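Novice: whatever this is, show me its structure:
(4 chains)
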There are 4 protein chains.
Amino acid sequence: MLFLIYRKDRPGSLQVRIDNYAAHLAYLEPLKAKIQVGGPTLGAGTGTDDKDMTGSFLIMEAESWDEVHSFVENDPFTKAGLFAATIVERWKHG
Amino acid sequence: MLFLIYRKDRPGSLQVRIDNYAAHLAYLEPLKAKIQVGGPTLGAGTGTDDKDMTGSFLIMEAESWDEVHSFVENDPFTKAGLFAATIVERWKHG
Amino acid sequence: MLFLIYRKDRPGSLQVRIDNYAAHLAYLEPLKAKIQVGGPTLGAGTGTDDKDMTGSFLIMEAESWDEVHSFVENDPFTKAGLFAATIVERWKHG
Amino acid sequence: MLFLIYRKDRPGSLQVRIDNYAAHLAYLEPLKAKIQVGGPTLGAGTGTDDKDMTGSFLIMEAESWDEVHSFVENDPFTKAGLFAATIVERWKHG
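Specialist: Residues are numbered from 1 along each chain as shown, chains lettered A, B, ... in the order given. Sure, the structure comes next:
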């Protein structure tokens, strides 16, 4: 199955994002082929640098909701309390 | 610029989606170039057919927030009153 | 019926909120009797002043989804394009 | 601090809600005095009974984001894997 995974940072938790970004990126690495599209949501302005990140979006291939939840739970970002909003949706290409 | 566009149907409004899906697809058609990813969110169970659709997701290229809002507003789905939730985010590939 | 009405400002649009706050409050005034709970969402830190506003939340009584949706469309804040996210939910007290 | 806590059930998990509702409510009971508003989101139609529930909304007083997140995590509904979406927002009465 495919899932949308949409997560928005707590307001001014930017530092938590920057401090944990490398670990989060390393966490995604072994899952690459299962991750079809992924990248950070961005804030005010037109900047696309690290300081403009406000959250994470991914489309994830997984065999169950249990798998997705467990993937979310063990994200370094999740363990560090970075997120204020998390939305997960079963999904398909159109 | 890249934008996440997330919309969820009002609960109970599947038929509104069904009756208007063709018009919705026709509206998206000229924009194929600008749309990097597209598809519906899906509901309960494991089915991936039309009657499982519960919403719409796009990643789209646009020059402004104005352009994105205009695109959202002119969707046949919008005027049809289909959506109870709309989320737009500026976004980039990781 | 009762509805949750949840709206988040577009990042960087604080100025649009300031410019339209008066008209927005004017718009809510006649409908004061239908609004059970109302207030702005807040951003980073612990401040609770105008400059801390990041969005709008309401619990409102309406006779139908059409009434709620129209109430949302006619908001000065809507017509000014302040919001990046809007979520409406049918709801009841516990 | 006041927080909006918005949580939507995974599609088709109504029976998980029904089976655990009592344990969820007993969880909320000791914290009654910190909760200003609470009740479930409702789905399609106009029914307002148990089978209509689709999520949980709360406005709650807490001393920190970490307290809110710990509150949420220890909810019997959380541990049952009921929720697909969770949104938390710092907030104030207008």
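Novice: neighbours of residue A:9, how many?
Specialist: Each residue near residue A:9 was counted by other CB atoms under 10 Å in any protein chain shown, and the total is 21. Using the backbone N, CA and C atoms, a C-beta is placed for each residue, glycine as well.
Novice: no wait, residue A:1
Specialist: Neighbour count of residue A:1, defined by other CB under 10 Å: 16.
Novice: residues from chain A in reach of chain C?
Specialist: With CB under 8 Å from any CB of the partner chain as the criterion, chain A meets chain C at residues A:10-12, A:43-45, A:54.
Novice: list the buried residues for the longest helix along chain A?
Specialist: The residue-count maximum for a helix in chain A (DSSP state H) belongs to helix A:14-28. For helix A:14-28, burial by neighbour count (16 or more other CB atoms under 10 Å in any protein chain shown) applies to A:14, A:16-17, A:20-21, A:24, A:27-28.
Novice: so which helix or strand takes in residue A:55?
Specialist: Assessed by DSSP states H and E, residue A:55 sits inside strand A:53-61.
Novice: could you spell out the sheet neighbours of that strand, each with its direction?
Specialist: Partners of strand A:53-61 in the sheet, by DSSP bridges, are strand A:2-9 (antiparallel), strand A:35-42 (antiparallel).
Novice: and the contacts of the first one?
Specialist: Taking CB atoms under 8 Å, 6 or more residues apart in numbering or on different chains as the criterion, the residues outside strand A:2-9 that touch it are A:16-17, A:36, A:41, A:53-62, A:68, A:71-72, A:77, A:82-93, B:4, B:6, B:41, B:57, B:87.
Novice: distance of the residue nearest in space to the middle of chain A relative to chain C?
Specialist: Closest to where the C-alpha atoms of chain A average out (CA atoms, centre = their mean) is residue A:56, at 3.5 Å. Residue A:56 sits 15 Å away from chain C, going by CB to the nearest CB, to the nearest Å.
Novice: please apply the same query to residue A:22.
Specialist: 23 Å.
Novice: still on that earlier bit, got a PyMOL select line for the buried ones in the contacts of strand A:2-9?
Specialist: Buried members of the contacts of strand A:2-9, defined by 16+ other CB under 10 Å, are picked up in PyMOL with:
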select buried, (chain A and resi 16+17+41+53+54+55+56+57+58+59+60+62+68+71+72+77+82+83+84+85+86+87+88+89+90+91) or (chain B and resi 4+6+41+57+87)
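Novice: check which helix or strand covers residue A:77.
Specialist: helix A:76-79.
Novice: OK, contacts around residue A:65?
Specialist: When contacts are counted by CB under 8 Å, 6+ apart, residue A:65 touches A:88, A:90, D:10, D:81, D:84.
Novice: so how many other residues sit close to residue A:63?
Specialist: By other CB under 10 Å, the residues close to residue A:63 number 9.
Novice: doesn't it belong to a strand?
Specialist: No - assessed with DSSP: H, G, I helix; E, B strand; the rest coil, residue A:63 is coil; it does not lie in a strand.
Novice: which non-adjacent residue is nearest it?
Specialist: Leaving out its chain neighbours, the residue that sits closest to residue A:63 by CB to CB, 6 or more residues apart in numbering or on different chains is residue A:1, at 6.7 Å.
Novice: and residue A:77, by the same measure?
Specialist: Excluding its sequence neighbours, the residue lying closest to residue A:77 (CB to CB, 6+ apart) is residue A:24, at 4.7 Å.
Novice: whichever strand or helix holds residue A:88 packs against which elements?
Specialist: Element membership of residue A:88, judged by DSSP H and E, is strand A:83-91. Other elements packing on strand A:83-91 under the criterion 3 or more CB pairs under 8 Å, 6 or more residues apart in numbering or on different chains; DSSP states H and E are strand A:2-9, strand A:53-61, helix A:65-73, strand B:35-42, strand B:53-61, strand D:83-91.
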